[PDB]
Amino acid sequence: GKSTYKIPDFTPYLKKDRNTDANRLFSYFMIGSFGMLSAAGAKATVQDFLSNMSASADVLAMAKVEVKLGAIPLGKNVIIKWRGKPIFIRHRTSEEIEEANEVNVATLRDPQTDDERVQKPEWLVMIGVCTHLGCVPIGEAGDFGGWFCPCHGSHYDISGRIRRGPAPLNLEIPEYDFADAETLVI
Amino acid sequence: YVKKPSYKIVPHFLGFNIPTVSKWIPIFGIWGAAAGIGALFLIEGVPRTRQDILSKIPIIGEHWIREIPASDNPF
Amino acid sequence: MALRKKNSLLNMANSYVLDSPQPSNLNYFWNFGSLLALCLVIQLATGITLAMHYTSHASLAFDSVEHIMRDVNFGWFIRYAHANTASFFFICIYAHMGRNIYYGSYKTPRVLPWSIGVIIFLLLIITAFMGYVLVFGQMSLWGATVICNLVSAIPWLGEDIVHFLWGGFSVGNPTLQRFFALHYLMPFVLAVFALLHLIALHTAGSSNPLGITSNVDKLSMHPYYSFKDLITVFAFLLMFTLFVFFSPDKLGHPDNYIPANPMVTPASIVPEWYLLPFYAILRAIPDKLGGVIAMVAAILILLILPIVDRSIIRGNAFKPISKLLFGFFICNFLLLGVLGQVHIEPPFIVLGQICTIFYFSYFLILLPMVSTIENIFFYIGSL
Amino acid sequence: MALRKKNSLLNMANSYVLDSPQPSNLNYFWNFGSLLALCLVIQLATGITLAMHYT
Amino acid sequence: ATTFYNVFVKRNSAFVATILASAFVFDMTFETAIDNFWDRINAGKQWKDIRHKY
Amino acid sequence: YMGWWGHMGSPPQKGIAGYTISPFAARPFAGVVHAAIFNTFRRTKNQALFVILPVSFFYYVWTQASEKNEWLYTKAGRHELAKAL
Amino acid sequence: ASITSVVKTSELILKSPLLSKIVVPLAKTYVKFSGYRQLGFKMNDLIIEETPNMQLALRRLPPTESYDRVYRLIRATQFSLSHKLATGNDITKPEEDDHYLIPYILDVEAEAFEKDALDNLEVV
Amino acid sequence: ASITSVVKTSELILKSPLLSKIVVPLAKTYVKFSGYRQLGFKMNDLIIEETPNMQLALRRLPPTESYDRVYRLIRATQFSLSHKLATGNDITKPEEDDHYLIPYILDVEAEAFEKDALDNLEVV
Ligand code: HEM
Ligand code: HEM
Ligand code: HEM
Ligand SMILES: CCCCCC[C@H]1C(=O)O[C@H](C)[C@H](NC(=O)c2cccc(NC=O)c2O)C(=O)O[C@@H](C)[C@@H]1OC(=O)CC(C)C
Ligand SMILES: CCCCCC[C@H]1C(=O)O[C@H](C)[C@H](NC(=O)c2cccc(NC=O)c2O)C(=O)O[C@@H](C)[C@@H]1OC(=O)CC(C)C
Ligand SMILES: CCCCCCCCCCCCO[C@@H]1O[C@H](CO)[C@@H](O[C@H]2O[C@H](CO)[C@@H](O)[C@H](O)[C@H]2O)[C@H](O)[C@H]1O
Ligand SMILES: CCCCCCCCCCCCO[C@@H]1O[C@H](CO)[C@@H](O[C@H]2O[C@H](CO)[C@@H](O)[C@H](O)[C@H]2O)[C@H](O)[C@H]1O
Ligand SMILES: O=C1C(O)=C([C@H]2CC[C@@H](c3ccc(Cl)cc3)CC2)C(=O)c2ccccc21
Ligand code: FES
């Protein structure tokens, strides 16, 4: 009404324990719970929502591609589509296999011998996508006369091992089985 | 009698000095934990994160070892 | 008080395009900013128009672009205008960044518009690329593969991110439809950032070719620079017309008129003329992660010019040694461009590496050293 | 002077979402403006996402 | 109680770390708890409940 | 750092009288012939070395590299190419 | 970089007989080719001024020197936009290229760097 | 609409015996139900002030009246946000609901309307 030093009555609102740590802590428990549910909610929202961009159910459909081998002459490479990625199938000659078995495994970005790669020396089966950034190497070209990725100039071997250029790994080998000796499934 | 005040200038850079920064080292630690916890929490859904990180944790790790029975899996 | 000043909305326009006080001596290299604005407007107009005719589905995308060329009235114009302006956008943006580097526009107090600009430059690259992919010709599909595999460089999570960005195991329909969505979106984000870097610049005002303060002598943006910017608008449209109407395919790769075949990549892989410098950088480095880092770093390293230029003087008008260094840097960036489109063969492999080292050594070594020495030469030389 | 006031970009954000002086007695009907902003953000997020899938 | 405030709440770094770690725990336990609850209220209805016949 | 009309932030100016004439009163192309020839020659001459030096050097470098590359993929360049790979 | 840095380094060079013998002629040629004198500038007119420190130094200039600086910048801006060079009396002669500003900025920066140093003092 | 309009029209009504007999009682109940007095406002506190004319009128208020107006608006804003009504002495009693502002705005507008009229005078 008049004196400004008589603070208005605040007793209906004032907490007696206002200066305790228990008092602050309770309010922060509320703010923290709200932060915790916001964080759980955010994570759930972002996770579920962004998953729309992951491969849809219709895309996730597996191939099991079967290919003949009678067709394929010596000294040739085929390209079989499998899961949209190309599969290089080369019918390697005896002297090609020999050439592959030569390179000391020691000096190979990705050290592997042909024996590890093929399950049958006459059937180099690889996922024909370059391990650098993902082009498909042009076969028979190169400098190690296997495959050469034209995109950034990485050279693969007759084992499809990387020899020169940015590609870090050797051309991946799919899971393939010879059901017959004349047909493989991938 | 004292002829001159006795002091050195501590090395400093962009107005940070080692005394001050050393007091904040713990706090970066906690914020790094918060970033670690938070980042790992964000990618908990990523299958690789379960496979390689979360399923390896003792006791708790079994939360992330779930196999869909092959009877109910079209893929 | 004038309505243009009174009314809050008009006052914002006024402050940008009419009363904006500009230095009185900006030369023609200050015109790229408005050309980039014009490119951005052309791209939005032609782009939204192509979006009315283009089908994002991979089974139809390439054919919808042929339908645009062949059946839509003036479709040829709209398509070539969109494609060619994307090239002009990059000429203008390299010109604009060139201007900024030469005249020290990146120095205080303009580090913020510069740094926002570096992000606009990255967004333009991603926009233009995402737009390249929508044709779904041979180069389009392969470009998609490579850009979406740059995240494979990122260890562990990398491979999974790649699959997530493709929405598949390979670039296919899913990828093309999400590139369409984002290519439509990215330009509006880019226009926001373009606006923001102007708002950041509005605190300091434009730099000028002398690098001195212009606070002593300002000119209203209109009529002086409005009419000055028309000269380049018409000069730009003359060059635009020569490409769009007379040689619409000069700046294009033939291979993009082959529909995407995921089984072959063309033996002659050469990206857009404007990505060539960074592509040569990527080829130079023989490591996966290395190559990617270097290529991104070639853009991000522009962010450090504010630090590594130690000059007490803004820009190169008055620095003979810096101008020579800048000349060699620019020519090296053009050499990288050239090496981006030769075959990956001797001797250009080693040459590309030397040019890559020179590119980075400009920011890390030469600019800091030359700028230090010229400071001293100004002081000693004028005593 | 506070960064939020000094820096031109932050200062525009500041003027809208932080220091913006509002009347002290706005009731719940003043909340629709921000809900419309939230709807607009949801629509952009879900919309751009549907555009990634829609033909 | 002061101690609990001092450890987990006083430093914002610590408080945010605590909130995110709590969100982690909540997220994992809530998922599991609702899964079990959802299976109990829809018992015998869901594929997992009739799957055993096949 | 820059203000606006009225408070642009110029250090105080005194003693500069500026004079100009109306655009309608001036010939916009007065002395255009002189400028186009003599002034542009002056400005070009003064900047010539800053363009010529890097262009000529990188054109030389490109020329040498492109000539070597061409030569390596001839019959004569067989041996030098075999060493390079 | 700070003007202090530039000035101290220049003084190191001018001290060393060998260094000065090879650097002073280089720097004089550099300045001739720089060609700022052909727009009637003094070297110091070209120092970046959009900085707290420099704004403070420029406020410390005597009114005379300050007015003349404004004039030289206006005049140079006019030469620049006309694509002309100074002629006659407008060209800065080597004897007129005085470091009018260097003393002021060195004082400003001396204090600023002392302030930074003393903000980091440790009682022993 | 202008306050002048409202005031002149009100005076036409109060003049006419019939009109006042039927309108004054209506207007008094309208004001009771309006309920601005329950937030401690005088009628005049509710007049829109974001116009040139009203700003001028408010600047013309005597300091006392002006300070009291600020207080009533602050207090009413506080009632509003608390969703409480005035009680006791805060409720505006009919005798306190004085048109403190009407004389000032009528003078402002009188001049503004004379100005408009005289801007359109024709020498005969
Ligand atoms: C969409 C692309 C862009 C547009 C439309 C744009 C537009 C403009 C405009 C209109 C100006 C003011 C006038 C001018 O100086 O030309 C300007 C200035 C500037 N821009 Fe850009 N810009 C763009 C991209 C960039 C990029 C990529 C950078 C930096 C990497 C950049 C950095 C700057 C800087 C530093 C300035 C201040 C330069 C100065 O006036 O001294 N801009 N821009
Ligand atoms: C910076 C703005 C833009 C740039 C740099 C840009 C760049 C490009 C490029 C390089 C292409 C490849 C063109 C070709 O070779 O055919 C393209 C295609 C396309 N752009 Fe854009 N674009 C931009 C803005 C937009 C916008 C706003 C839209 C709105 C949808 C759009 C829609 C399209 C469409 C539909 C295509 C594919 C049809 C075609 O190839 O012509 N673009 N864009
Ligand atoms: C104000 C913002 C928006 C409003 C009010 C709005 C409204 C709607 C509505 C009513 C539909 C019909 C939905 C249905 O019944 O299925 C729809 C569909 C669609 N909207 Fe939006 N939308 C908005 C923003 C956007 C934006 C930014 C995009 C970006 C592309 C977008 C993309 C779509 C797409 C692709 C569809 C068709 C797919 C569908 O029906 O779900 N929308 N929108
Ligand atoms: C209509 C009001 C909306 C405000 C934004 C619109 C545009 C705007 O501000 O235009 C101005 C004309 C501006 N030029 C300059 O600053 C300028 C300054 C100095 C010298 C010259 N030239 C020299 O000889 C200039 O050209 C310009 O071209 O910048 C665009 C990019 C702006 O677009 C945006 O940021 C929004 C979006 C369209 C990118
Ligand atoms: C981030 C920098 C850009 C600035 C714009 C961002 C948004 C912005 O200004 O936020 C504010 C929070 C604003 N609300 C208010 O003014 C506000 C004022 C009084 C009371 C309440 N509520 C009462 O209880 C309010 O909520 C709001 O919701 O407006 C959005 C629409 C704005 O977005 C845009 O316009 C851009 C686009 C997303 C629509
Ligand atoms: C910056 C943010 C960090 C990156 C964000 C990560 C985006 C993608 C991460 C996870 C998305 C896919 O990850 C996957 O998410 C879906 C939900 O969406 C979960 O799926 C689980 O919950 C959903 C409902 O919630 C059920 O339909 C499903 O049967 C069940 O397995 C998977 O258990 C998880 O492995
Ligand atoms: C979501 C995309 C939107 C991006 C645009 C981002 C910002 C949103 C609006 C900015 C455009 C107008 O914002 C502009 O900023 C200035 C300076 O802060 C504001 O100015 C406001 O705050 C300043 C200081 O805080 C006061 O002196 C002034 O009285 C007040 O009007 C104005 O509101 C407006 O003229
Ligand atoms: O191998 C490549 C390749 O490397 C790029 C490159 C070059 C520019 C790169 C880039 C430059 C700068 C930034 Cl900030 C980001 C990416 C993007 C990838 C392509 O655009 C390309 C297009 C078509 C087929 C193959 C390719
Ligand atoms: S893409 Fe295979 S070499 Fe880089």
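Located above this text is the structure these notes cover.
Residues numbered from 1 in each chain as written, not as in the entry; some residues may be left out. Chains lettered and ligands numbered in written order. Part of a larger assembly, values for the part shown. Heavy atoms only, no water.

(A) Molecular detail of the packing of aromatic side chains. All names here are of chain C. In the structure shown here, the tally under the stated rule is 54 aromatic pairs over all chains. Here the aromatic rings of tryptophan 273 and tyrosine 274 are separated by 5.5 Å at their centres, their planes lie at 85°, and the arrangement is edge-to-face. In this structure, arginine 99 packs its charged tip against the face of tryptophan 30, placed 4.6 Å from the ring centre. Across the ring face of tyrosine 28, the terminal group of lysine 228 is positioned such that the distance to the ring centre comes to 4.7 Å. (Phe/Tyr/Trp six-rings, centres within 6.5 Å; stacked < 30°, edge-to-face > 60°. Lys NZ or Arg CZ within 6 Å of the ring centre and 35° of its normal.)

(B) Structural view of the sheet that holds strand β5 (residues 138-139) of chain A. Residue and element names in this part refer to chain A. Pairing is antiparallel in the open sheet, where 4 strands are placed in the order β5-β6-β7-β8. Strands with a single pairing partner mark the edges of an open sheet, and in this sheet they are β5 and β8 (162-164). Both strand β6 (residues 147-149) and strand β7 (residues 154-156) contribute to a ladder of 3 bridges, which runs antiparallel. Following the sheet pairing, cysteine 149 is matched in β7 by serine 154. (Pairing = 2+ DSSP bridges. Helix = DSSP H or I, 4+ residues; strand = E, 2+ residues; numbered from the N terminus.)

(C) Fine view of the environment of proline 86 of chain A. Mapping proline 86 of chain A onto the fold places it in strand β3 (residues 85-91). Accessibility expressed as a relative area gives 2% for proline 86 of chain A, which makes it buried. Taking C-alpha positions, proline 86 of chain A is 36 Å from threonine 45 of chain A, a pair spaced 41 residues apart along the chain. Apart from the residues within four sequence positions on either side, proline 86 of chain A is in contact with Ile79, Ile80, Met126, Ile127, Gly128, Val129 and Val136 of chain A together with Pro262 and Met263 of chain C. (Buried < 20%, exposed > 50% of the residue type's maximum accessible area, 1.4 Å probe, protein only. Contact = heavy atoms within 4.5 Å.)

(D) Broad picture of the site of ligand 3. For ligand 3, the full set of nearby residues is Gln43, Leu44, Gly47, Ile48, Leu50 and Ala51 of chain D. Tallied by class, the residues present in the shell around ligand 3 amount to 4 nonpolar, 2 polar and no charged. (Near = heavy atom within 4 Å. Nonpolar A, V, L, I, M, F, W, Y, C, P; charged D, E, K, R; others polar.)

(E) Expanded view of the site of ligand 4. All names here are of chain C. In the vicinity of ligand 4 lie 19 residues, with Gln22, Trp30, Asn31, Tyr225 and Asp229 positioned nearest. Between ligand 4 and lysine 228, the relevant distance is 3.4 Å, taken from an oxygen atom to a side-chain nitrogen or oxygen of the residue. Surface burial for ligand 4 is 71%, taken as the share of its 780 Å² of free accessible area covered by protein chains. Residue composition of the shell around ligand 4, by class: 13 nonpolar, 4 polar and 2 charged. (Polar contact = N/O pair within 3.5 Å; in protein donor to acceptor, adjacent residues only side chain to side chain. Areas by Shrake-Rupley, 256 points an atom, 1.4 Å probe, with all protein chains shown as cover.)

(F) Main features of the interface of chain B and chain G. Facing 7 residues of chain B, the contacting portion of chain G comprises 8 residues. Of the roughly 690 Å² buried at the junction of chain B and chain G (both faces included), carbon and sulfur atoms supply 60%. Among the residues chain B hides against chain G, the three largest losses belong to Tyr7, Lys8 and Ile9 of chain B. Together they make up 51% of the total. Ranked by residues supplied to the side of chain B that touches chain G, first place goes to strand β1 (residues 7-9) of chain B with 3 residues. (Buried area = accessible area lost by both parts, 1.4 Å probe.)

(G) Quick peek at a nonpolar patch on the surface. The grouping of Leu26, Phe29, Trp30, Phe32, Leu35, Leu36, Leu38 and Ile42 of chain D at the surface amounts to a nonpolar patch, some 870 Å² of accessible area in total. You can see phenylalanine 32 of chain D is positioned in helix α3 (residues 32-51). (Patch = residues over 30% accessible without salt bridge, like charges linked within 9 Å, V, L, I, M, F, W, Y side chains within 5 Å. Salt bridge = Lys/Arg side-chain N within 4 Å of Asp/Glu carboxyl O.)

(H) Inspection of helix α1 (residues 32-72) of chain F at higher detail. Along α1 of chain F, the largest kink reaches about 45° and is centred on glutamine 47 of chain F. Among the residues of α1 of chain F, those classed as buried are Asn39, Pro54, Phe58, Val61, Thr63, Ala65, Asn69 and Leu72 of chain F. As for α1 of chain F, its buried residues are in contact with α14 (320-339) and α15 (348-382) of chain C, α2 (78-84) of chain F together with α4 (63-82) of chain G. (Bend = angle between axes of the 7 residues up to and from the residue.)

(I) Region of interest: the sheet that holds strand β2 (residues 76-82) of chain A. Residues and elements named next belong to chain A. Across the sheet, which stays open at both edges, the 3 strands sit in the order β2-β3-β4 with antiparallel pairing between neighbours. For this open sheet the edge positions go to β2 and β4 (124-127), each flanked by a neighbour on one side alone. Between one strand and the next, the sheet's axes are offset by a mean angle of 20°, whatever the strand orientation. Sheet analysis places β3 next to β4, joined by 4 bridges and oriented antiparallel. (Axes fitted to C-alpha atoms, helices over the stretch in contact; angles between N-to-C directions.)

(J) Quick peek at the interface of chain C and chain G. Taken together, the contact between chain C and chain G spans 30 residues of the former and 41 residues of the latter. Between chain C and chain G the total buried area reaches about 3300 Å² when both faces are included, carbon and sulfur atoms providing 72% of it. Sorting the residues of chain C by area buried against chain G places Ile312, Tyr379 and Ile380 of chain C first, and these three jointly supply 21% of that buried surface. For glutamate 50 of chain G, the salt bridge goes to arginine 314 of chain C, with nearest N and O atoms at 2.6 Å. Where chain C packs against chain G, one counts 6 residue pairs in polar contact. Looking at the side of chain C that touches chain G, the elements that each hand over two or more residues are α14 and α15 of chain C. When residues of the side of chain C that touches chain G are assigned to their parent elements, the largest contribution, 9 residues, is made by α15 of chain C. A breakdown of the residues in the side of chain C that touches chain G according to their chemical character gives 16 nonpolar, 8 polar and 6 charged.

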